[PDB]
file protein.pdb (PDB, C-alpha atoms)
ATOM      1  CA  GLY A 253     105.919 209.694  49.872
ATOM      2  CA  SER A 254     109.520 209.136  50.938
ATOM      3  CA  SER A 255     109.284 208.070  54.582
ATOM      4  CA  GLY A 256     110.238 204.974  56.552
ATOM      5  CA  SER A 257     110.879 204.546  60.270
ATOM      6  CA  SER A 258     108.932 201.278  60.274
ATOM      7  CA  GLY A 259     107.640 200.339  63.713
ATOM      8  CA  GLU A 260     104.016 199.212  63.692
ATOM      9  CA  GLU A 261     105.158 195.987  62.030
ATOM     10  CA  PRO A 262     108.017 193.728  63.200
ATOM     11  CA  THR A 263     111.319 193.507  61.326
ATOM     12  CA  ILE A 264     112.566 190.191  59.942
ATOM     13  CA  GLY A 265     115.863 189.030  61.406
ATOM     14  CA  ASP A 266     115.471 191.355  64.383
ATOM     15  CA  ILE A 267     114.918 190.148  67.947
ATOM     16  CA  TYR A 268     112.010 191.157  70.179
ATOM     17  CA  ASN A 269     110.683 190.417  73.666
ATOM     18  CA  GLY A 270     107.568 188.327  74.215
ATOM     19  CA  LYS A 271     105.623 186.191  76.678
ATOM     20  CA  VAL A 272     103.871 182.816  76.565
ATOM     21  CA  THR A 273     100.086 183.181  76.611
ATOM     22  CA  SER A 274      99.034 179.632  75.735
ATOM     23  CA  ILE A 275     101.040 176.408  75.944
ATOM     24  CA  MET A 276      99.971 173.982  73.217
ATOM     25  CA  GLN A 277     100.834 170.277  73.245
ATOM     26  CA  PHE A 278     102.932 171.091  70.179
ATOM     27  CA  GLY A 279     104.196 174.633  70.659
ATOM     28  CA  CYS A 280     103.548 177.795  72.659
ATOM     29  CA  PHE A 281     102.010 181.140  71.702
ATOM     30  CA  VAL A 282     104.272 184.102  72.465
ATOM     31  CA  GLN A 283     102.944 187.665  72.429
ATOM     32  CA  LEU A 284     105.380 190.362  71.306
ATOM     33  CA  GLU A 285     105.855 193.508  73.390
ATOM     34  CA  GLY A 286     106.739 197.105  72.577
ATOM     35  CA  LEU A 287     105.410 197.219  69.021
ATOM     36  CA  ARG A 288     102.230 199.281  68.702
ATOM     37  CA  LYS A 289     100.359 196.670  66.665
ATOM     38  CA  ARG A 290      99.735 193.789  69.069
ATOM     39  CA  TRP A 291     101.341 190.777  67.390
ATOM     40  CA  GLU A 292     100.892 187.192  68.577
ATOM     41  CA  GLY A 293     103.060 184.421  67.161
ATOM     42  CA  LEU A 294     103.474 180.698  67.787
ATOM     43  CA  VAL A 295     106.606 178.656  68.485
ATOM     44  CA  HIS A 296     106.595 175.127  67.064
ATOM     45  CA  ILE A 297     108.117 172.256  69.039
ATOM     46  CA  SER A 298     111.045 172.529  66.627
ATOM     47  CA  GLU A 299     111.681 176.099  67.776
ATOM     48  CA  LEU A 300     112.392 175.194  71.403
ATOM     49  CA  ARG A 301     115.357 172.817  71.561
ATOM     50  CA  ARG A 302     118.228 171.783  69.290
ATOM     51  CA  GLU A 303     117.880 169.040  66.676
ATOM     52  CA  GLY A 304     116.835 166.275  69.053
ATOM     53  CA  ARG A 305     113.880 164.767  70.897
ATOM     54  CA  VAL A 306     111.457 167.074  72.708
ATOM     55  CA  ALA A 307     109.111 165.636  75.332
ATOM     56  CA  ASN A 308     106.566 168.410  75.877
ATOM     57  CA  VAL A 309     106.328 172.205  75.743
ATOM     58  CA  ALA A 310     104.759 172.338  79.204
ATOM     59  CA  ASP A 311     108.169 172.067  80.868
ATOM     60  CA  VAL A 312     109.724 174.007  77.989
ATOM     61  CA  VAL A 313     107.711 177.120  78.835
ATOM     62  CA  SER A 314     105.200 178.297  81.437
ATOM     63  CA  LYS A 315     101.982 180.319  81.257
ATOM     64  CA  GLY A 316     102.579 184.061  81.417
ATOM     65  CA  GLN A 317     106.350 183.624  81.397
ATOM     66  CA  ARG A 318     108.588 186.253  79.803
ATOM     67  CA  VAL A 319     110.685 184.919  76.922
ATOM     68  CA  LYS A 320     112.897 186.266  74.137
ATOM     69  CA  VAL A 321     112.113 185.460  70.503
ATOM     70  CA  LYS A 322     113.143 186.616  67.029
ATOM     71  CA  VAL A 323     111.024 187.670  64.050
ATOM     72  CA  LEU A 324     111.510 184.939  61.449
ATOM     73  CA  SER A 325     109.057 186.129  58.796
ATOM     74  CA  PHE A 326     105.985 188.365  58.616
ATOM     75  CA  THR A 327     103.183 188.018  56.067
ATOM     76  CA  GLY A 328      99.693 189.459  56.404
ATOM     77  CA  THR A 329      98.075 187.800  59.412
ATOM     78  CA  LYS A 330     100.996 185.429  59.976
ATOM     79  CA  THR A 331     103.834 186.200  62.388
ATOM     80  CA  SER A 332     106.555 183.615  63.004
ATOM     81  CA  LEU A 333     108.866 183.587  66.024
ATOM     82  CA  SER A 334     111.881 181.557  67.148
ATOM     83  CA  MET A 335     113.043 180.825  70.695
ATOM     84  CA  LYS A 336     116.013 178.472  70.363
ATOM     85  CA  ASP A 337     117.503 181.044  67.990
ATOM     86  CA  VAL A 338     117.323 183.705  70.702
ATOM     87  CA  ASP A 339     119.382 182.776  73.761
ATOM     88  CA  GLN A 340     117.145 182.746  76.837
ATOM     89  CA  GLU A 341     119.832 184.604  78.784
ATOM     90  CA  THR A 342     120.909 187.845  77.110
ATOM     91  CA  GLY A 343     118.861 187.594  73.930
ATOM     92  CA  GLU A 344     121.854 187.193  71.630
ATOM     93  CA  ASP A 345     121.466 186.085  68.012
ATOM     94  CA  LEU A 346     122.269 182.367  67.943
ATOM     95  CA  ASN A 347     121.930 182.326  64.154
ATOM     96  CA  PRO A 348     125.423 182.566  62.606
ATOM     97  CA  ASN A 349     124.290 181.030  59.315
ATOM     98  CA  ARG A 350     120.883 180.537  57.699
ATOM     99  CA  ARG A 351     119.249 180.287  54.272
ATOM    100  CA  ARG A 352     115.716 181.055  53.089
ATOM    101  CA  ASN A 353     113.254 178.171  52.774
ATOM    102  CA  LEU A 354     110.624 179.247  50.246
ATOM    103  CA  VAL A 355     109.611 182.378  48.336
TER     104      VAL A 355
END

call {"tool": "encode", "arguments": {"input": "protein.pdb", "output": "structure tokens"}}
result
Amino acid sequence: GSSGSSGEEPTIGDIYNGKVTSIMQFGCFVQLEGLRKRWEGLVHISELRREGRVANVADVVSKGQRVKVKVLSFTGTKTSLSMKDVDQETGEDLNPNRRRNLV
């Protein structure tokens, strides 16, 4: 039937609020809030700081700390999230330009 109002699943390009549940030596798992369907994504070490040299995620994020991330792409049981893209102040979109990677 003709009906949308998507909500259960996250929207690509949109920003959402989350929190770090597990800090991995590489990245950190951030759980999304609000959405009905509990979604848990992971933030690679490349999605923390700008093109440079990152020491460790430990200092980058804490356990049970509230953070703002953006829905990069959603596919089946795979939910991506970006932190550096979402300013950790007001949650503004720090992505003026971007191009797909693979289809």

call {"tool": "atom_distance", "arguments": {"input": "protein.pdb", "atom1": "CA of residue 342 (chain A)", "atom2": "CA of residue 320 (chain A)"}}
result
8.7 Å

call {"tool": "atom_distance", "arguments": {"input": "protein.pdb", "atom1": "CA of residue 353 (chain A)", "atom2": "CA of residue 324 (chain A)"}}
result
11.1 Å

call {"tool": "closest_residue", "arguments": {"input": "protein.pdb", "among": "A:258, A:269, A:294, A:274", "to": "residue 330 (chain A)", "atoms": "all atoms listed in the file"}}
result
A:294

call {"tool": "resolve_selection", "arguments": {"input": "protein.pdb", "expression": "the PyMOL selection byres ((chain A and resi 343) around 12)", "output": "list in words"}}
result
residues 266, 267, 268, 269, 270, 318, 319, 320, 321, 322, 334, 335, 336, 337, 338, 339, 340, 341, 342, 344, 345, 346 and 347 of chain A

call {"tool": "closest_residue", "arguments": {"input": "protein.pdb", "among": "A:333, A:323, A:354, A:307", "to": "residue 272 (chain A)", "atoms": "all atoms listed in the file"}}
result
A:333

call {"tool": "closest_residue", "arguments": {"input": "protein.pdb", "among": "A:280, A:285, A:273, A:291", "to": "residue 312 (chain A)", "atoms": "only C-alpha atoms"}}
result
A:280

call {"tool": "atom_distance", "arguments": {"input": "protein.pdb", "atom1": "CA of residue 278 (chain A)", "atom2": "CA of residue 308 (chain A)"}}
result
7.3 Å

call {"tool": "build_atoms", "arguments": {"input": "protein.pdb", "residues": "region 332-352 of chain A", "atoms": "N, CA, C and O atoms", "output": "PDB file, in the frame of the given file"}}
result
ATOM      1  N   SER A 332     105.747 184.713  62.486  1.00  0.00           N
ATOM      2  CA  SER A 332     106.555 183.615  63.004  1.00  0.00           C
ATOM      3  C   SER A 332     107.546 184.117  64.049  1.00  0.00           C
ATOM      4  O   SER A 332     107.962 185.276  64.023  1.00  0.00           O
ATOM      5  N   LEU A 333     107.923 183.236  64.969  1.00  0.00           N
ATOM      6  CA  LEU A 333     108.866 183.587  66.024  1.00  0.00           C
ATOM      7  C   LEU A 333     109.705 182.379  66.430  1.00  0.00           C
ATOM      8  O   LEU A 333     109.215 181.251  66.456  1.00  0.00           O
ATOM      9  N   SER A 334     110.972 182.625  66.746  1.00  0.00           N
ATOM     10  CA  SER A 334     111.881 181.557  67.148  1.00  0.00           C
ATOM     11  C   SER A 334     112.418 181.801  68.556  1.00  0.00           C
ATOM     12  O   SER A 334     112.712 182.936  68.931  1.00  0.00           O
ATOM     13  N   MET A 335     112.541 180.728  69.329  1.00  0.00           N
ATOM     14  CA  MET A 335     113.043 180.825  70.695  1.00  0.00           C
ATOM     15  C   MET A 335     114.477 180.312  70.785  1.00  0.00           C
ATOM     16  O   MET A 335     115.371 181.016  71.253  1.00  0.00           O
ATOM     17  N   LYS A 336     114.688 179.080  70.334  1.00  0.00           N
ATOM     18  CA  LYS A 336     116.013 178.472  70.363  1.00  0.00           C
ATOM     19  C   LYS A 336     117.047 179.386  69.712  1.00  0.00           C
ATOM     20  O   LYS A 336     118.206 179.420  70.122  1.00  0.00           O
ATOM     21  N   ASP A 337     116.616 180.127  68.695  1.00  0.00           N
ATOM     22  CA  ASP A 337     117.503 181.044  67.990  1.00  0.00           C
ATOM     23  C   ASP A 337     117.937 182.189  68.899  1.00  0.00           C
ATOM     24  O   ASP A 337     119.066 182.674  68.810  1.00  0.00           O
ATOM     25  N   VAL A 338     117.034 182.617  69.775  1.00  0.00           N
ATOM     26  CA  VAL A 338     117.323 183.705  70.702  1.00  0.00           C
ATOM     27  C   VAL A 338     117.657 183.171  72.090  1.00  0.00           C
ATOM     28  O   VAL A 338     116.779 182.698  72.811  1.00  0.00           O
ATOM     29  N   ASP A 339     118.931 183.251  72.457  1.00  0.00           N
ATOM     30  CA  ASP A 339     119.382 182.776  73.761  1.00  0.00           C
ATOM     31  C   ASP A 339     118.471 183.292  74.871  1.00  0.00           C
ATOM     32  O   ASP A 339     118.180 184.485  74.944  1.00  0.00           O
ATOM     33  N   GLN A 340     118.024 182.383  75.732  1.00  0.00           N
ATOM     34  CA  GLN A 340     117.145 182.746  76.837  1.00  0.00           C
ATOM     35  C   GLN A 340     117.950 183.262  78.026  1.00  0.00           C
ATOM     36  O   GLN A 340     117.641 182.955  79.177  1.00  0.00           O
ATOM     37  N   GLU A 341     118.984 184.047  77.738  1.00  0.00           N
ATOM     38  CA  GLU A 341     119.832 184.604  78.784  1.00  0.00           C
ATOM     39  C   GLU A 341     120.049 186.100  78.571  1.00  0.00           C
ATOM     40  O   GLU A 341     119.687 186.918  79.417  1.00  0.00           O
ATOM     41  N   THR A 342     120.643 186.450  77.435  1.00  0.00           N
ATOM     42  CA  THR A 342     120.909 187.845  77.110  1.00  0.00           C
ATOM     43  C   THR A 342     120.150 188.273  75.860  1.00  0.00           C
ATOM     44  O   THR A 342     120.058 189.462  75.553  1.00  0.00           O
ATOM     45  N   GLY A 343     119.606 187.297  75.140  1.00  0.00           N
ATOM     46  CA  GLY A 343     118.861 187.594  73.930  1.00  0.00           C
ATOM     47  C   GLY A 343     119.761 187.778  72.724  1.00  0.00           C
ATOM     48  O   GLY A 343     119.431 188.525  71.804  1.00  0.00           O
ATOM     49  N   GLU A 344     120.902 187.097  72.731  1.00  0.00           N
ATOM     50  CA  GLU A 344     121.854 187.193  71.630  1.00  0.00           C
ATOM     51  C   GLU A 344     121.374 186.389  70.425  1.00  0.00           C
ATOM     52  O   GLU A 344     120.594 185.447  70.564  1.00  0.00           O
ATOM     53  N   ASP A 345     121.845 186.770  69.242  1.00  0.00           N
ATOM     54  CA  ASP A 345     121.466 186.085  68.012  1.00  0.00           C
ATOM     55  C   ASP A 345     122.267 184.799  67.836  1.00  0.00           C
ATOM     56  O   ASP A 345     123.449 184.834  67.492  1.00  0.00           O
ATOM     57  N   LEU A 346     121.616 183.665  68.074  1.00  0.00           N
ATOM     58  CA  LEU A 346     122.269 182.367  67.943  1.00  0.00           C
ATOM     59  C   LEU A 346     122.112 181.819  66.528  1.00  0.00           C
ATOM     60  O   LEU A 346     122.027 180.608  66.326  1.00  0.00           O
ATOM     61  N   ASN A 347     122.075 182.720  65.551  1.00  0.00           N
ATOM     62  CA  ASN A 347     121.930 182.326  64.154  1.00  0.00           C
ATOM     63  C   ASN A 347     123.081 182.869  63.313  1.00  0.00           C
ATOM     64  O   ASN A 347     122.960 183.889  62.634  1.00  0.00           O
ATOM     65  N   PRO A 348     124.227 182.173  63.359  1.00  0.00           N
ATOM     66  CA  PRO A 348     125.423 182.566  62.606  1.00  0.00           C
ATOM     67  C   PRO A 348     125.250 182.374  61.103  1.00  0.00           C
ATOM     68  O   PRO A 348     125.760 183.160  60.306  1.00  0.00           O
ATOM     69  N   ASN A 349     124.529 181.325  60.724  1.00  0.00           N
ATOM     70  CA  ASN A 349     124.290 181.030  59.315  1.00  0.00           C
ATOM     71  C   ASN A 349     122.871 180.512  59.102  1.00  0.00           C
ATOM     72  O   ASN A 349     122.358 179.728  59.900  1.00  0.00           O
ATOM     73  N   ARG A 350     122.242 180.955  58.017  1.00  0.00           N
ATOM     74  CA  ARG A 350     120.883 180.537  57.699  1.00  0.00           C
ATOM     75  C   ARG A 350     120.536 180.878  56.252  1.00  0.00           C
ATOM     76  O   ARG A 350     121.046 181.847  55.692  1.00  0.00           O
ATOM     77  N   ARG A 351     119.664 180.072  55.653  1.00  0.00           N
ATOM     78  CA  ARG A 351     119.249 180.287  54.272  1.00  0.00           C
ATOM     79  C   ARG A 351     117.733 180.185  54.137  1.00  0.00           C
ATOM     80  O   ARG A 351     117.099 179.343  54.773  1.00  0.00           O
ATOM     81  N   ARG A 352     117.158 181.048  53.306  1.00  0.00           N
ATOM     82  CA  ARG A 352     115.716 181.055  53.089  1.00  0.00           C
ATOM     83  C   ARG A 352     115.193 179.641  52.857  1.00  0.00           C
ATOM     84  O   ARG A 352     115.964 178.721  52.584  1.00  0.00           O
TER      85      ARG A 352
END
